[PDB]
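Chains as they are written, first to last, in this note's numbering: chain A, 1 to 241; chain B, 1001 to 1241; chain C, 2001 to 2241. Backbone N, C-alpha and C fix where the C-beta goes; we use that ideal spot for every residue, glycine too. Notes follow once the structure below has been shown.
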Amino acid sequence: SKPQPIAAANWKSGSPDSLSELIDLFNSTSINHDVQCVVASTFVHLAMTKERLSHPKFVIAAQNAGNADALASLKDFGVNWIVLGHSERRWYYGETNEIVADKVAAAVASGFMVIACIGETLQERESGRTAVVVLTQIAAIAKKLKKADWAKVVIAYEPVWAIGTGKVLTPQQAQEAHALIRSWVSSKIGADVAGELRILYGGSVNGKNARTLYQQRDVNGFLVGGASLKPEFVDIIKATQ
Amino acid sequence: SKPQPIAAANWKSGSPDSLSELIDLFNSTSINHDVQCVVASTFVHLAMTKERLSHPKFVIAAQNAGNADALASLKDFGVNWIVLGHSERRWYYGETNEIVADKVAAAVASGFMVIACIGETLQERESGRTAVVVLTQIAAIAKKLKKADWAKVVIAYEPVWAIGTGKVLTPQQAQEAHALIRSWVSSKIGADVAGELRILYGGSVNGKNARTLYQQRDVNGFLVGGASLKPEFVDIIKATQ
Amino acid sequence: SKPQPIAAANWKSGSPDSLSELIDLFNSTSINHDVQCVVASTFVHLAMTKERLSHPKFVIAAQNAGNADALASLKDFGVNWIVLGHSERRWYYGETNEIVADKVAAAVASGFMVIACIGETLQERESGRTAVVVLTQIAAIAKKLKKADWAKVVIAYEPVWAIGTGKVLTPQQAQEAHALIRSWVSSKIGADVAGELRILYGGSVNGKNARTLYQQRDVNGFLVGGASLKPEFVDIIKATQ
């Protein structure tokens, strides 16, 4: 049915001591389905996870490449995955649709697997602009890519609009956003490409709600940015079967 | 008498776990006077504090905007406050009086409330240059501002010269530096503007000494960069009545 | 025999609470030989270590200067040491041999003591390129320096190739790399300069293996980037006699 799911930890911080125990936890975890696990981090943790993390299903990922040199030196270091367009990048650093599209394409061209993030704000959601905004984000991405490039691309949907609401997304809300993205890729890139595409849910997820979220037709995993620093990231991985 | 005081936490680091307990502590704190509390941080903690921090007296603040896009995207994210010219920026990053003045003005123009930092080094203090140095710093700030702009400006005095001395400032030393800044604004900008201006003490403060520091005529609060990561930041807030 | 050894902690992260206890540990440590201890960090920890760290043998060091202003403002803050070319800089940020050479020289010119890092990757080691690669790195450094400048220069060898191998270097492997660097400096710069030069081992080190590593002829200490956040950094210091 679905393509290979992805469980991604976006390690954002955390002590070296707790990361270390997390690495042992992951190393000692038996995972019984096909799923690509990812641990994304800044350099200090990356060399740590590279040092002691050893599980056939885990890979490490960068969170940013500053320039051409930073893409190449990262490949030279053993890092083959990179998370791009995530919210810190769009909202604290102010990266535009075009800046993230250009990063996606340049990383693709360097041999990376790319998790590319999209998602609308609260003003946009409330004013009825979700579809235009989100599809404009992925449209800017697609403009800089060839059909082939999509083999190395993963989309993550981040409902940024929900931060500070007190609210978590329903499976219904998540499926709607994912279905919307899936429709666009099918028509514009290809039915084939759309079918192989992993669209990960990037909002607030826990062990409980991940299983119900993953039951939805267009969800192919999670980009997790809180519980990924906790033992329950194991529970999220196991939701992907 | 005084304008509305400000209690500012400049979160510099800290675990997500201890920040989380701090957020509960702040949420459950009853504060019985008019005071604007601020939690300044980098993005990872900001989305956290935005997620779970909910107190009528707290607001969140950024610590830096890299460019025009980073000002705008931050406003779009819900952040209306920014701390600028703080010591990391002047001393590790080497931002000049002019670079911080231009940041202050550009943030003002984007709808931010701005805590702008000034303060002299040890060579400067010891050689008798405090007044010239500090007033030159705020002079560079004022040059890029219109009279109106001051409604969105807060000054924090950071006695950087005291780091490694073993010494903490007396209320007298703090009042002298604050009075000096207040005299300059009154004459150069306006008696009115000077009277509404919040000048925060940004040196080493604890629960004990904050109350005595706040008794001084020209102190309108604190920018705290150590105890703000601890429960006793509550004690500092409560010193502002 | 050997020049003054150096024990360098490259604090990469860590809580303010554990750093604080580490500072007390260092302050209460009696060290009975001539050795220069260094604690390198980003600004938040630097002001902390400057605040409370007081030991006749410790100095603080920066990990990066962004520009001319950032060199000068750092000197103005009291920081006289800087670690450059370390792996995060070459591998996450993509700094070239030339970019690090230019940083070394500019820091030298500003009055800094410089720990300059070199070291080969796994592809390079395995394909028999260690000598050419490592000597090309230090050659690029030397090109931007005058003979005199070397009085302010320290070399650290980082065997980056060993991360993820599961393997730690033998004293033999470390001595070979250090001897290789020592031969180059002697011939190209001077027998004298080579003899005063501190070459630090920058791979994975603990209390046990540091003493045996230090017994080697061309090892003048350690750049430590894991145990430097732990009590056993004391043990590493004490290995340098």
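Residues are counted here when their Cβ sits less than 9 Å from a Cβ of chain B; for the segment 2013 to 2027 of chain C these are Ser2013, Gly2014, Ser2015, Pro2016, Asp2017, given in chain order.
Taking the CA atoms as reference points, B/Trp1081 sits about 26 Å from C/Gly2066. Going by DSSP, B/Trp1184 is part of the alpha helix (DSSP H) stretching over 1171 to 1188. Taking 8 Å as the cut-off between beta carbons, the residues of the segment 1093 to 1109 of chain B near chain C are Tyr1093, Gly1094, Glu1095, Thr1096, in sequence order. Look at the segment 1139 to 1173 of chain B and you find these whole runs of beta strand (DSSP E), each 3 residues long or longer: 1153 to 1157.
Around A/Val219, the same chain offers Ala174, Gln175, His178, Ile199, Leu200, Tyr201, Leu213 as residues with beta carbons nearer than 8 Å, after the five sequence neighbours per side are excluded. Secondary structure of C/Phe2233 (DSSP, three-state): helix. Excluding sequence positions up to five before and after A/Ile118, its CB lies within less than 8 Å of the CB of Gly85, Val134, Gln137, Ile138, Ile141, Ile155, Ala156, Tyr157, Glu158, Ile181, all in the same chain and listed in chain order. When the five nearest sequence neighbours on each side are left out, the beta carbons in the same chain lying within less than 7 Å of the beta carbon of C/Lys2144 are those of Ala2101, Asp2102, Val2104, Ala2105, in order along the chain. Closest in C-alpha terms to B/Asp1192, from the list B/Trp1150, B/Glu1232, B/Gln1036, B/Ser1020, comes B/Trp1150. 9 Å or more divides the Cβ of A/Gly226 from the Cβ of B/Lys1050.
Within chain A, no residue has its CB atom less than 7 Å from the CB of B/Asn1080, the nearest being about 13 Å off. A distance below 7 Å between beta-carbons, with the five flanking residues on each side excluded, links A/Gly78 to the following residues of its chain, in chain order: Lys50. Under the DSSP assignment, A/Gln36 falls in the beta strand (DSSP E) whose first and last residues are 36 to 41. By DSSP's assignment, C/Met2113 forms a beta bridge with C/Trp2081. In this structure A/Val44 touches C/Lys2012 by the C-beta definition: roughly 4 Å separates them, less than 8 Å. From the beta-carbon of A/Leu229, the residues of chain B found nearer than 7 Å are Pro1016. At least one C-beta of chain B is nearer than 9 Å to the C-beta of A/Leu122.
In this structure, the straight-line span from the alpha carbon of A/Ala239 to that of A/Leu223 is close to 13 Å. In this structure, DSSP gives A/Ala65 a state outside helix and strand, which the three-state scheme calls coil. By the Cβ-count criterion, C/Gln2036 is buried, with 16 or more other Cβ atoms from all chains shown falling within 10 Å of its own Cβ.
A/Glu88 and A/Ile99 have their C-alpha atoms some 14 Å from each other. In the DSSP assignment, B/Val1219 is bridged to no other residue.
Nearest Cα to C/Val2205 within the set C/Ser2187, C/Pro2171, C/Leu2197: C/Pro2171.
Collapsing the DSSP output to three states places C/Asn2209 in a helix.
Across the structure, C/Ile2031 and C/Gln2241 are spaced so that their CA atoms are roughly 10 Å apart. Close to B/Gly1066, with beta-carbon spacing below 9 Å, are these residues of chain A in chain order: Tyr92, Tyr93, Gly94. Here the alpha carbon of C/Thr2096 sits roughly 7 Å from the alpha carbon of C/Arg2090. Going by DSSP, A/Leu22 is part of no beta strand (DSSP E) but of the alpha helix (DSSP H) stretching over 16 to 27. Around the beta carbon of C/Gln2063, 16 or more other beta carbons lie within 10 angstroms, which makes this residue buried.
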